[PDB]
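Novice: got the complex split up, this is the first portion:
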Amino acid sequence: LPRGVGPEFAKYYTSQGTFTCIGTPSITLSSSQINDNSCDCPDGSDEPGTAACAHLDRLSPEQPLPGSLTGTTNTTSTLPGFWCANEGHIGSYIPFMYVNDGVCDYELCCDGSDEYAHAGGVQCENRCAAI
């Protein structure tokens, strides 16, 4: 139901009131903090639908991160990526760092849902039904 969540992680996005971080479950959030463009879980799991936890990456500059499995941002996110359901074609994950970057990433996100915020004006078609 929140944007970018894949079927196999759906069950974690559920309550009314609170969200428990999936891979680091000692941190608990308000459910208003899901997809609010702040990275509030140190495993990235509160932002399935935005780019805001894309700095949680073994390739990105290391910064301290209390509650991270590694203690820093140099860590493997729980979620595989941002889920594009792609009705009419076939679903797939894309990297969080392709989300809202102004580029329509049609190969794996044919529904155009990676650019839902219209960064810098971009409007992506839904190309699923064609492909």
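Specialist: Cool, the structure landed. Numbering: from 1, shown residues only, chains lettered A, B, ... in the order given.

Novice: Which residues are in contact with the residue nearest the centre of chain A?
Specialist: Against the mean C-alpha coordinate of chain A, by Cα atoms, centre = their mean, the closest residue is residue A:48 at 2.6 Å. For residue A:48, the contact set (Cβ atoms under 8 Å, 6 or more residues apart in numbering) comprises A:2, A:3, A:4, A:5, A:6, A:9, A:13, A:34, A:35, A:79, A:82, A:83. C-beta coordinates here come from the backbone N, C-alpha and C atoms, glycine included.

Novice: Nearest residue to the fifth one in space, ignoring adjacent ones along the chain?
Specialist: Pointing back at residue A:6 there. residue A:83 (3.9 Å; Cβ to Cβ, 6 or more residues apart in numbering).

Novice: Which elements pack onto the helix or strand harbouring that neighbour?
Specialist: Per DSSP states H and E: residue A:83 is located in strand A:82-84. Strand A:82-84 is packed against strand A:92-94, with contacts defined by 3 or more Cβ pairs under 8 Å, 6 or more residues apart in numbering; DSSP states H and E.

Novice: According to the record, where do the domains of chain A fall?
Specialist: If you go by automatic domain parsing, the domain ranges for chain A are A:1-79, A:82-121.

Novice: Take these and write them to TSV, including distance to residue A:130.
Specialist: Listed next are the domains of chain A as TSV, based on distance: least, Cβ to Cβ, whole Å:
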stretch	distance to residue A:130
domain A:1-79	23
domain A:82-121	8
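
Novice: between those, which gets nearest to residue A:128?
Specialist: domain A:82-121 (4.0 Å; Cβ to Cβ).

Novice: Pull the distance from the closest one to the chain's centre.
Specialist: 11 Å (Cα atoms, centre = their mean, to the nearest Å).

Novice: can you give me the end-to-end distance of that domain?
Specialist: Separation of the first and last residues of domain A:82-121 by Cα to Cα, to the nearest Å is 21 Å.

Novice: can you check stretch A:96-104 too?
Specialist: End to end - Cα to Cα - stretch A:96-104 spans 13 Å.

Novice: tack on chain B:
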Amino acid sequence: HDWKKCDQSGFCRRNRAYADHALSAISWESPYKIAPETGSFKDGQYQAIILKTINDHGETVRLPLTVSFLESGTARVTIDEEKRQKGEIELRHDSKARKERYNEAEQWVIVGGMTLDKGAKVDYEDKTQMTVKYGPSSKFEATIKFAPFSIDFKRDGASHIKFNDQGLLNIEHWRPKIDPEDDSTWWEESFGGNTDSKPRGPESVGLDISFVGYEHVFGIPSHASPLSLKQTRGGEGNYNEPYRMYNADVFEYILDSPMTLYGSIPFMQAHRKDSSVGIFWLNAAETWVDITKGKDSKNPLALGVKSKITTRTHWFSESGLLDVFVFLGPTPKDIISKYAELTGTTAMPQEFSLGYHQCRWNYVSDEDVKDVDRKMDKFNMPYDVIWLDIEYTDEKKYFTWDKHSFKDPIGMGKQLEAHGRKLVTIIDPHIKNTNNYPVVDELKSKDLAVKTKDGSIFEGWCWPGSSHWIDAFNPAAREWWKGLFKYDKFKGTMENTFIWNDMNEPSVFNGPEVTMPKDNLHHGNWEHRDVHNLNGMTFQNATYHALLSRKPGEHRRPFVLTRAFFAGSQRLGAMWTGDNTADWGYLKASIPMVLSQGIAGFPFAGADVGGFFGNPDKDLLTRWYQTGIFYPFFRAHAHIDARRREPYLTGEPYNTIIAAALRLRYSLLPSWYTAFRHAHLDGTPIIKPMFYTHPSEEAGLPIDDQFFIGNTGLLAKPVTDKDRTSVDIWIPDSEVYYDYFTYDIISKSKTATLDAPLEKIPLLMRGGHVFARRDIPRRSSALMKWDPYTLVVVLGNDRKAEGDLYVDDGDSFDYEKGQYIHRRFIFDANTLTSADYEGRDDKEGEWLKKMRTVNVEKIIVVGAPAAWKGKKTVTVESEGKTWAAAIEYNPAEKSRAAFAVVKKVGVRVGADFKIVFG
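Specialist: Chain B added:
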């Protein structure tokens, strides 16, 4: 493939011998005097006649002297030769060359700063000498002595700079070749297969310039040399030949040499604890500078008699006017900023050009290029531009494509455009002499080519074989060049194509010293000897103007890289240090080179990452990425024989370390672009050496392996030695410094030893600063344009910090009309504020309107005060609204500082705000 040593350069020989004679004669006197009764002073300018005694009969020639005192506080001293101003000489070999001393260097180089100080005034003026007061509140003085001529430039109760104190002033006056002082270098001279016809004979201009009480001098790039320049008259640790500036294509240049490289900026500074001065020797001819460290006494002294240590420099140029500016500082910033006022600030760059540039000799086809582009994305390595070296052309004809290998250049271009990436294509000044080539037809029929001594078209060998050269001194050639780059004319280019200018020394493969004969003629009938060091710059100028507009209604920032350059080239684009070598010593050497570029007013500089020649080891390549992310201009490049080394080919775990370095560069791009802005505003260097940032610290003066980044307080010291796993950093002062990555407090000035394995970049944060970054990685800088900012607030001893952030559209000249955001950030007493940097008031174009949805979203406070523990919100005020944001406080732990993070600040980057903590 061979270079004059100083003994093989006839005028360098003569001037060094002039010094030998002066320095070891019984009270030598410079045979130059002011005829005082020709002297007059009005409206900031002294004017007189200098009489030079040319033989033992007491015969004289007249050398007009101008001394200007400028509103900036800078002085200018110029000496011409009246006989040549008047045409009253006769050239040899029926040369049509100009008779006057070249005097158009000003017109190419000087763009401002030339207003005379009507407030400068003669203070004392007996018959031996005069003293002029000038500069701010009349605290600068120049004492001009008549006989023998000398000038002493003073402030703060002492001499800082002296002209002719050792008596080495030498203006070689015109003289005929007649029968009956060694004259064997006066006329024809031969070297490198060539004979210089020398139609004017001797005409060099030289002068001794003493930096009184200074032990360190800096500048005159470009040389593979330390930042603090060496002595040149032999002895242990010293060079034996003077520093040379004669832009040349030097194959496999060596380390630690005063030999000339590809560009020259004849600007020197001298620094001691709390005092700086400088000179700029404005002359476009071949130039040498001898440097000796000596004493402020010309005599032999008794045992135990003290003298000030004094750097004596001896400057000499082949031809032209003697024309020198004098800068009295007193700070490093003062000197560079006054120099930039005269010669230009750094151009506002295309923002993309700060990203990572991927090049080699060559990507071999459009498909090769498309493959590299896809592979960068496959391996998650960000980049902005891919580069085409000379093999993209059809047979080394510029303005063509090899249509076998580059079949669809527009398609390649569009693929790059899809991730907002760019393409750069090389274009050089040698135009192939062949048929069915309209460009060379037009070069000839419009008479746009450089000529020989007798006026015929010059012909020589470069990459295409037989070639002619564009004479970019000719406005008509520049205006023709412009025409060739329109997208409609230069088929296969489009809006994301930019240009690399190379071989513009000019490099001529069968010429002497791999360049043009000195008696070639340029537009105006100047000799090549007159203008040589300006040649590259004219070419880059031509290309810059070509990129301003390449279709109707387009007006945008050029990007042009050059190899050869002069003073002023900071207005036109970027430089790199040429054909370096894949080796550890060249990695280390690149940092003092790139720094010397910046303090000489051309900071948009770098060196080839990985080294141009040869094959770097994986660890050398990896460490080179970690250095190269601190070059203002950051490009990987490789010679035609080197193996492929696109960074994803390195393999794990190197690939990961390399990607982390790239991503660090990208995350810091907001701060990098802001450093370029300041370079544009007033010539502030982009990376800054310790003499610049900390002029109060004597021990900083020579240091050239570490630097600060713009205005951020970030202190970098890249690892440049094989197998090293720690680094010793010199901590300049008593402020708190923190590791960038771990926030550990690093433990008054002194040497700190830090852990620095292969995977680690030594980068510290100084207390007292705010800088901006973007934490979200992206595939290129364009895909970052709409992402939120993080401010990092680094607190020191005083709980205060300040910094700034400049943003604009990265492309247009709309910044000229106010279309930009420039924020000043101040933290004091638990409050962080953002205000317009200039304090401006109102009308918004499209770009600014779109920036209304781009926010500061996160603030990190490093060294957060203990009082903040357990407070869970801050208050944010902006544009008459108020709201709360969450903050988490993290206590100090082990070596790590306490730090606090504010989340979802939610404030538009263009808006004033106040955030109240605690």
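
Novice: once more on the contacts of residue A:48, with chain B this time?
Specialist: Contacts for residue A:48 were tallied using Cβ atoms under 8 Å, 6 or more residues apart in numbering or on different chains; they are A:2, A:3, A:4, A:5, A:6, A:9, A:13, A:34, A:35, A:79, A:82, A:83.

Novice: Try it again at 6 Å.
Specialist: A:2, A:4, A:5, A:79 (Cβ atoms under 6 Å, 6 or more residues apart in numbering or on different chains).

Novice: number of nearby residues for the residue nearest to residue B:418 when sequence neighbours are not counted?
Specialist: Distances taken as Cβ to Cβ, 6 or more residues apart in numbering or on different chains place residue A:103 nearest to residue B:418, at 6.9 Å, with adjacent residues excluded. Residues lying near residue A:103 (other Cβ atoms under 10 Å in any protein chain shown) number 20.

Novice: now swap in the one 10 residues further on and tell me
Specialist: Around residue A:113 there are 21 other residues, counting by other Cβ under 10 Å.

Novice: quick one, what contacts it?
Specialist: Here residue A:113 is in contact with residue A:84 (criterion: Cβ under 6 Å, 6+ apart).

Novice: So what touches stretch B:502-513?
Specialist: For stretch B:502-513, the surrounding residues in contact (Cβ under 6 Å, 6+ apart) are B:3, B:191-192, B:194, B:247-249, B:426, B:428-429, B:460-462, B:469, B:514-516, B:535-536, B:539, B:563-564.

Novice: got it, and stretch B:484-498?
Specialist: B:399, B:401, B:409, B:413, B:417, B:422, B:423, B:424, B:546, B:550, B:551, B:559.

Novice: ok, back up a step: the strand holding residue A:83 pairs with which strands?
Specialist: In the sheet, strand A:82-84 lines up against strand A:92-94 (antiparallel) (DSSP bridges).

Novice: For the partner strand, which outside residues touch it?
Specialist: Contacts of strand A:92-94 (Cβ under 6 Å, 6+ apart): A:80, A:81, A:82, A:83, A:84, A:105, A:108, A:109.

Novice: Take these and write them to a markdown table, including neighbour count and distance to residue B:329.
Specialist: As requested, the contacts of strand A:92-94 are exported to a markdown table (neighbours: other Cβ atoms under 10 Å in any protein chain shown; distance: Cβ to Cβ, whole Å):
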| residue | neighbour count | distance to residue B:329 |
| --- | --- | --- |
| A:80 | 16 | 59 |
| A:81 | 20 | 57 |
| A:82 | 29 | 56 |
| A:83 | 23 | 62 |
| A:84 | 26 | 61 |
| A:105 | 19 | 54 |
| A:108 | 17 | 59 |
| A:109 | 26 | 58 |
